[PDB]
Structure formats: C-alpha cells, structure tokens
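# Coordinate analysis (summary)
The lines below spell out each chain.
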Amino acid sequence: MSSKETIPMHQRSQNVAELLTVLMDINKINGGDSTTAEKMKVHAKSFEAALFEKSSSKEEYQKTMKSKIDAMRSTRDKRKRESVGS
C-alpha cells in the first residue's frame, strides 16, 4: 500500500518519542548524565533510520517499533532486578 511510500516524518518522530521516553527512563534508573541522555536521543534516531531500511509495510514499521518499546519496557524491569531485586 502507498502508505508505506508516503508516511509523514512528523508521525515517525511522534512514535520515536515514545521510545525516547523509555530510554530516558533507563538514564533515570541507572543514574546517568545529561550527555548520556543525549546518547539516548542518538540511539532512538539510529534505531529509526535502521528500521526505515526494513520498512516494507507501515504495519511492520509500527509493530516493530511497538515490539522494540516492549523489549526496552521489559529491560527497565530487568535493570530493576539487577539494581534492587524488585
């Protein structure tokens, strides 16, 4: 479908921004720095660009983003077992 050929960057950036907030949560949970939060922005914008290489449906871009958010969400919880045993 031509949606995969036309999807707005403003829509991609709004979805990348939900991933950004979960990576910013790692910088809280591990107690990193403002420059390490700049590395979190770079990690999201590298992921975005590397998912765009494999974008072969809008529903595959959208579900792979959701499943990366699910992996990083689950990693917040993992880093909590490794930090405090909860």
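As named in the PDB entry, the chain is MEDIATOR OF RNA POLYMERASE II TRANSCRIPTION SUBUNIT 15, taken from Candida glabrata. The PDB lists this entry under the title "Solution Structure of the Mediator Gall11 KIX Domain of C. Glabrata".

This part takes up the overall build of the chain. Scanning the chain for helices and strands turns up 3 helices and 0 strands. Along the chain direction, N to C, the helices and strands of the chain fall in the order α-α-α. Its C-alpha atoms give the chain principal-axis dimensions of roughly 50 × 25 × 15 Å. Split into buried and exposed, the 86 residues of the chain put 23% on the buried side. The long-range share in the chain, meaning contacts at least 24 apart out of those at least 6 apart in sequence, stands at 58%. Working note: accessible area of the chain is about 6,400 Å², and carbon and sulfur atoms make up 49% of it. Positive and negative charge centroids in the chain, built from 17 and 12 side chains respectively, lie 3 Å apart.

Conventions we followed
- Residues numbered from 1 in each chain as written, not as in the entry; some residues may be left out.
- Heavy atoms only, no water.
- Helix = DSSP H or I, 4+ residues; strand = E, 2+ residues; numbered from the N terminus.
- Buried < 20%, exposed > 50% of the residue type's maximum accessible area, 1.4 Å probe, protein only.
- Contact = heavy atoms within 4.5 Å.
- Areas by Shrake-Rupley, 256 points an atom, 1.4 Å probe, with all protein chains shown as cover.
- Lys, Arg positive; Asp, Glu negative; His and termini not counted.
- Charge placed at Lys NZ, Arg CZ, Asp CG, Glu CD.

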